[PDB]
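Throughout, residue positions are numbered sequentially from 1 according to the sequence presented. As the structure lists them, so they are numbered: ligands from 1, and atoms in each ligand from 1. Any value given below was found using the heavy atoms of this structure, including those in side chains, with hydrogens, waters and symmetry copies removed.
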Amino acid sequence: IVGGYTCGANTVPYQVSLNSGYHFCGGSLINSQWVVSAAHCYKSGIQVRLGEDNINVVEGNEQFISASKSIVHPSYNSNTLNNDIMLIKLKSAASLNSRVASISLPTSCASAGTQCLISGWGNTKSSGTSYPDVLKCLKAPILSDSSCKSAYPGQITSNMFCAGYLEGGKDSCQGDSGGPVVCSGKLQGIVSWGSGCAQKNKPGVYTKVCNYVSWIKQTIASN
Ligand SMILES: [Ca+2]
């Protein structure tokens, strides 16, 4: 996250880190047994790490749980990043507590101008490389679909939305992929792609979760 702030430990309790020997993607806990992330985060041998703040220090509220099953969206297209969403099932149920909490699926889509919370452990500089070890947070609004389509002609689908600031300076970035975008207490977005980070007239692009709730609910009940 570029231009954000330190969230505070476990102030974002649905936040997970996907770990394959190292942190490589964010994710969101949606119930005690299931995590949602980005399809581009797909890999084998994933361990899900819950209750994290500093991802390099064991602080006492962590739960480390291997994934039993991963399900990439059936229509995920790696070239265009359409349908950039995946479900991960935990080998054993997480223990929910103040520090580890699930986030609610939306009942409707969010409107442009709605304020959202984006979080993650990704790079914090737009120019350089600097990875934080504590969770960073950014408040950002959903942009109008026409600002979004203007920035990225021919690349935005109905399953994507843009959020951030056209002036640049504040954005998600490398290492934040798969993480949550929470607006009005509901998961509305997944960190998906962008061009650079925090560059002018290049806002972040997010998977539009409100389009997938039926698929999510049907898939978790069948697996
Ligand atoms: Ca830790």
Side-chain angles (χ1 to χ4, degrees), residues 1-70 85-104 116-126 128-140 170-182 185-187 189-192 197-198 204 206-207 209:
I1 297 290
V2 187
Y5 58 99
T6 301
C7 306
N10 311 118
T11 56
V12 189
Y14 48 81
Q15 173 79 225
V16 309
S17 136
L18 305 182
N19 184 289
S20 53
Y22 50 87
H23 162 92
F24 69 96
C25 268
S28 296
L29 192 69
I30 56 155
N31 70 42
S32 82
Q33 303 168 148
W34 287 93
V35 166
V36 59
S37 178
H40 81 261
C41 291
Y42 171 71
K43 79 164 71 201
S44 24
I46 292 178
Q47 182 181 67
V48 174
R49 304 183 149 206
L50 323 163
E52 283 285 19
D53 189 39
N54 187 312
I55 49 167
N56 272 327
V57 178
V58 171
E59 297 185 287
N61 299 116
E62 296 96 345
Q63 309 173 40
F64 296 164
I65 309 171
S66 261
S68 65
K69 206 177 204 178
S70 295
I85 183 166
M86 128 179 115
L87 290 161
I88 308 181
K89 197 192 192 183
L90 303 179
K91 256 199 207 313
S92 7
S95 297
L96 304 181
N97 57 49
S98 32
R99 261 132 210 293
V100 181
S102 64
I103 180 75
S104 286
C116 302
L117 186 61
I118 309 157
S119 37
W121 289 278
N123 180 16
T124 61
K125 276 165 163 115
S126 37
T129 294
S130 194
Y131 287 86
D133 288 341
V134 291
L135 189 66
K136 302 303 208 169
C137 274
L138 170 69
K139 287 167 267 166
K170 311 184 177 168
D171 191 8
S172 56
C173 199
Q174 35 250 156
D176 290 320
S177 288
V181 185
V182 169
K186 305 298 189 198
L187 181 67
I190 300 163
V191 179
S192 178
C197 307
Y206 302 91
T207 310
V209 172

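- Remark: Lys43 is positioned above the aromatic ring of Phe24, its terminal NZ or CZ atom under 6.0 angstrom from the ring centre and at most 45 degrees off the axis.
- Checking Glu59, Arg99, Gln15 one by one against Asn10, the side-chain hydrogen bond (donor to acceptor under 3.5 Å, both in side chains) holds for a single residue, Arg99.
- Screening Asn54, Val57, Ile55 for a side chain to side chain contact (heavy atoms under 4.5 Å, CB included) with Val134, the sole residue that qualifies is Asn54.
- Of the angles at the Ca ion (ligand 1), the one spanning OE1 of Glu52 and O of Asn54 is 90° when given to 10°.
- One finds an angle of 90° at the Ca ion (ligand 1) between O on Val57 and OE2 on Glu62, to the nearest 10 degrees.
- For the residue pair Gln174 / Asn123, a side-chain donor-acceptor distance below 3.5 Å is found, with atom types taken as modelled.
- Because the distance cut-off is set at 3.0 Å, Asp53 fails to qualify as a neighbour of the Ca ion (ligand 1), as none of its N, O or S atoms comes that close.
- Among the backbone and side-chain atoms of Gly51, no N/O/S atom is found under 3.0 Å from the Ca ion (ligand 1).
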